[PDB]
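In: Pasting an experimental structure with its sequence.
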Amino acid sequence: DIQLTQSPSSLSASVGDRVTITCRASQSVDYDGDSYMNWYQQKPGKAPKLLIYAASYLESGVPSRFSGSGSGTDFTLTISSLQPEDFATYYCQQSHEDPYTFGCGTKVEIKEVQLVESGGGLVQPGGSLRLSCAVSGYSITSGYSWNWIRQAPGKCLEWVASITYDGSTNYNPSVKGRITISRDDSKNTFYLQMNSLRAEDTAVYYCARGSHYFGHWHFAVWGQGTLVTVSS
């Protein structure tokens, strides 16, 4: 399990300043001359947004003031000139091998396809949950893979499960045995079934689509997230 160390964990800067964030990986994420490191931006209340994939490639629509660099175990995200709209939390993520892992984020404080989750709510410990991600504006059969990713309260992002276009499923060993992912083409929906829930399963659960390119396991499209609360 590749672990990612993000530094600093938070920082204050002024508009117009250069900002640099570093990500250290506990193991190389290089493969065939490329580095499978990705950067996301998350504003409060919203799902993460993909900024960078394969260490240095800009996602479409991302402003040129964002740049990524590095290789091996050592990676950097640079904002050349901080703008007001850049106050957010920034996450690195490796897509070199499963389980795909995220850093715990850098909070930067200053001075068409749509995915809709349902099925969350308050459950008792030991109970079960079923989440659905309805895909609209896009055929579920067109996607390379569909994923569930959860965000524990005030904590790091955790990839949980995936199903590819050929039906192959994959789970994070942190949850495996209590979790099933499934797909329904005729309803353009996929599902997460959760059983024997524990308190550490309390989180916002996101659905997200994988990519056909550049190692697949970075996530350009996310749902709104649904809150699962396991309490008494």
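Out: That came in fine, so what should we check first? Numbering: from 1, shown residues only.
In: Return the residues in contact with residue 190.
Out: 132, 133, 135, 140, 146, 163, 181, 182, 183, 184, 207 (CB atoms under 8 Å, 6 or more residues apart in numbering). Every residue, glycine included, has its C-beta placed from N, CA and C.
In: I misspoke; the intended subject was residue 202.
Out: 152, 153, 228, 229, 230, 231.
In: Now tabulate those in TSV and tack on secondary structure and neighbour count.
Out: As requested, the contacts of residue 202 are arranged in TSV below (DSSP: H, G, I helix; E, B strand; the rest coil; neighbours: other CB atoms under 10 Å):
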residue	secondary structure	neighbour count
152	coil	13
153	coil	9
228	strand	22
229	strand	14
230	strand	19
231	coil	9
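In: Same list, those residues, but as TSV with distance to residue 188 please.
Out: Shown next, in TSV, are the contacts of residue 202 (distance: CB to CB, whole Å):
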residue	distance to residue 188
152	29
153	31
228	23
229	28
230	29
231	32
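In: out of those residues, who's nearest residue 76?
Out: Closest approach to residue 76 among the contacts of residue 202 (CB to CB): residue 152, at 26.1 Å.
In: now the contacts of residue 190: which count as buried?
Out: Buried members of these, scored by 16 or more other CB atoms under 10 Å, are 132, 133, 135, 140, 146, 163, 181, 183, 207.
In: from memory the last one sits against residue 117, does it?
Out: Yes - with contacts defined as CB atoms under 8 Å, residue 207 counts as touching residue 117 at a distance of 5.7 Å.
In: TSV for the buried ones among the contacts of residue 190, including secondary structure?
Out: Shown next, in TSV, are the buried ones among the contacts of residue 190 (DSSP: H, G, I helix; E, B strand; the rest coil):
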residue	secondary structure
132	strand
133	strand
135	strand
140	helix
146	strand
163	strand
181	strand
183	strand
207	strand
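In: returning to what we had before: how about the contacts of residue 190 in a markdown table, adding distance to residue 194?
Out: Compiled in a markdown table, these are given as follows (distance: CB to CB, whole Å):
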| residue | distance to residue 194 |
| --- | --- |
| 132 | 12 |
| 133 | 14 |
| 135 | 20 |
| 140 | 21 |
| 146 | 16 |
| 163 | 15 |
| 181 | 10 |
| 182 | 12 |
| 183 | 16 |
| 184 | 17 |
| 207 | 14 |
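In: Show me how this structure divides into domains.
Out: 1-114, 115-222 (curated CATH domains).
In: So what's the gap between the shortest one and the chain middle?
Out: Distance of domain 115-222 from its chain centroid, counting by CA atoms, centre = their mean, to the nearest Å, is 11 Å.
In: residue contacts, residue 143?
Out: 135, 165, 209, 210.
In: how far away is the nearest residue to residue 87 once chain neighbours are set aside from residue 14?
Out: Excluding the flanking residues, the one nearest residue 87 by CB to CB, 6 or more residues apart in numbering is residue 110, at 4.3 Å. Here residue 110 is placed at a distance of 7 Å from residue 14 (CB to CB, to the nearest Å).
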